[PDB]
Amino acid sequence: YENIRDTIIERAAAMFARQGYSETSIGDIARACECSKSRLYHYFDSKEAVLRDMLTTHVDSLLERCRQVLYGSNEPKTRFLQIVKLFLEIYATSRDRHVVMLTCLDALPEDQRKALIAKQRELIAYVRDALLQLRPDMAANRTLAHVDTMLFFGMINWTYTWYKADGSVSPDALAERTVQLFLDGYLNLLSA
């Protein structure tokens, strides 16, 4: 039943993202959907199943949307900026599930953790490769290519701790700023 399913997922995501996974019980979820503990197991076998599903659909979505961006523009600089705007858009729309991705992966077992870690590596690879399309002269040094990519991810992944998507600075404005800073540097940024 694809309606009540997503309410559980929706309501669980919110709790896992405030108090966290170990803090949130199956009972907590049951009564957040204003429901009995029984009716949850009609859709999910475990608390881990709820988590595994929301993480899976979320990274799967991010990967597909990245691909559409990749397969769209001709120009490397445009594709890169579009990828960053996508990630921040997904924050603006899907903050809870985003935070849970960035925060809750360890709560899982080993096989599914690593299936999801594999998907996160795909996503990282897309960004790394798009950066090296801007600087093909830098592709020879894989060590520093990984460093530069992960420093970039830090800028955007840390946003959940401080950034409010309904504030003065829009997701698109933040993305443009992030790219101008990362590509061209704080010291060359035009001052209004």
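The numbering used is simple: start at 1 and walk along the sequence shown.
Averaging only over Cα atoms, indicate whether 78-86 or 104-112 has the higher B-factor in the PDB entry.
Mean CA B-factor is higher for 104-112.
Between the two ranges 132-140 and 29-37, the one averaging a larger CA B factor in the entry:
Stretch with the greater average CA B-factor: 29-37.
Top residue by Cα temperature factor, when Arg67, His42, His58, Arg52 are compared in the entry:
Going by the entry's C-alpha B-factors, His42 comes out highest.
Could you say whether, by C-alpha temperature factor, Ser170 belongs to the lowest, middle or highest third of its chain?
For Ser170, whose C-alpha B-factor we compare with every modelled residue in the chain, the answer is the lowest third.
When the deposited Cα B-factors of this chain's modelled residues are ordered and cut into thirds, is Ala17 in the lowest, the middle or the highest one?
For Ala17, the deposited C-alpha B-factor lands in the highest third.
Would you mind ranking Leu190 by its C-alpha B-factor against the rest of the chain and naming the third, lowest, middle or highest?
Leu190: CA B-factor falls in the highest third of its chain.
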